[PDB]
Every structure is written in structure tokens, then in C-alpha cells.
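The next block holds one structure in the form of C-alpha cells; read it before the comments.
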Amino acid sequence: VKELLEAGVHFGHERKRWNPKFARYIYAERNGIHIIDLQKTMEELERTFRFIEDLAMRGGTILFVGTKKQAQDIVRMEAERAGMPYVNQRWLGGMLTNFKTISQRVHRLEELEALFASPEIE
RNA sequence: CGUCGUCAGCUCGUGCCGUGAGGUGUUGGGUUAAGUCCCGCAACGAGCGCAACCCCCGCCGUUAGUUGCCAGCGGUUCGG
Ligand SMILES: [Mg+2]
Ligand SMILES: [Mg+2]
Ligand SMILES: [Mg+2]
Ligand SMILES: [Mg+2]
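At position 48 of the first sequence the residue is numbered 48 (my numbering), and the sequence of numbers has no breaks.
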């Protein structure tokens, strides 16, 4: 089931504007583009989900992020459809790193979310 | 109290960069009388200033009538 899907049309990307480090994950250069080695891909997918799974079963929250348009929307989906936090817009600086302070706004959100429905609006 | 000048400015908390002094925020794009507002952005917010909150001339109105007026009829020694 896996292979086919990928082999379908989900591999090989950026061309000639790479990074040599990532040379361990790549099959060849067809007509220009770098054809990533899926064979290896798979192997990695494993260990990855292993981790995900070995975490999704222990009450752990994950944070997804994708600020690029050719991938915004979807990320918005898969997140709500899992209750896992996420970032689709401008990934503020110091979120994780200055959480306590960024949170301050989250609180300001409800601060208004509440004043939204109220007689003080009169 | 006077001056730069009512000029649009000066800073702070945290995060981040930097050996550090210090940066970033407050560089960039449009606009404005304005650090005014917007959109951008390793920044996210905030304070003192700006503005607004205050008084005046303005339009109109309600209450109140010893200023006022043949304004309406009025008597009037002829000046409300
Ligand atoms: Mg700082
Ligand atoms: Mg340091
Ligand atoms: Mg500093
Ligand atoms: Mg200001």
C-alpha cells in the first residue's frame, strides 16, 4: 500500500539548489531534478512514526507547522482533525522560546472572546 | 520658570543575535500634523509622549424670565 502511493507522485523535488548533507537521501538526478531514494525514505518513515506512535499512545501533544502556501490549508485540517496544536500563519518569533510571553496574547484573545458577547457592548 | 518644541520623539519587560560595548522591537512598503493608522518582520507586548477625555465661538432646541419689544390690542404727561 505504501510504496505505490509515494511512487505515485510524491518524491523527487528541488533541483541543483540542494545541500550536500542530504546526499544520503537521494537516488539520482533525472533531467535535472533530484530523485530522492524512496527505498530509504520508507525506512525513515518507520522510525519516525514509531516515535509518533510511541508518543501518541502516552498522552503527548504535538505541534505542527507549515507557513508555506503550497501546504498551508491542509496543515490547518490535519491538526483540528486531531486536536494537535499547529501554525498556519506567521510563526511568531520566540513562541516555544518565549511561550510564557506569547501566551500573554492567547489570554488576551479570550479577554476579548468574552467581551465579545456581553452587555458592555451597549 | 525659560529653551530645543507640541517638534515626534524617548524608553521599558521578555525572547533572540553579538566576546562584548550594543543590536532587534523602533530597519523595510503606503499614509498622516504625528512612533497616526496599516501591511510586512525574530520578534511578542507595554509605558511616557501624539490623539482623545476639558472649556470657548459656531447650527438648532428645552427650562427660566424686572435685559428685551406697537413684537399684538392697549391707556401714555408723547422716553419700554
Ligand atoms: Mg530586550
Ligand atoms: Mg548573550
Ligand atoms: Mg537592548
Ligand atoms: Mg505610540
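C-beta: ideal position from N, C-alpha, C; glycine also.
Rounded straight-line distance, which links the Cα of residue j to that of residue i
{"i": "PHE11", "j": "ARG81", "result": "25 Å"}
{"i": "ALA56", "j": "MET84", "result": "11 Å"}
{"i": "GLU110", "j": "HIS13", "result": "42 Å"}
{"i": "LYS40", "j": "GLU3", "result": "11 Å"}
{"i": "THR101", "j": "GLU43", "result": "39 Å"}
{"i": "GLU78", "j": "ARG30", "result": "32 Å"}
{"i": "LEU112", "j": "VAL106", "result": "10 Å"}
{"i": "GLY59", "j": "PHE51", "result": "13 Å"}
{"i": "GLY93", "j": "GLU53", "result": "29 Å"}
{"i": "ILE74", "j": "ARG17", "result": "26 Å"}
{"i": "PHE64", "j": "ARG108", "result": "23 Å"}
{"i": "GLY8", "j": "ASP37", "result": "14 Å"}
{"i": "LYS69", "j": "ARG24", "result": "28 Å"}
{"i": "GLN89", "j": "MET95", "result": "13 Å"}
{"i": "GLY32", "j": "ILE26", "result": "13 Å"}
Identity of the residues DSSP links to residue i by a beta bridge
{"i": "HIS13", "result": "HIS34"}
{"i": "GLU43", "result": "According to DSSP, which records beta bridges pairwise, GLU43 is partnered with nothing at all."}
{"i": "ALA28", "result": "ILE35"}
Nearest-angstrom Cβ-Cβ length linking residue i and residue j, presumed shorter than 8 Å
{"i": "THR61", "j": "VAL87", "result": "So it is not a contact: roughly 14 Å between Cβ atoms."}
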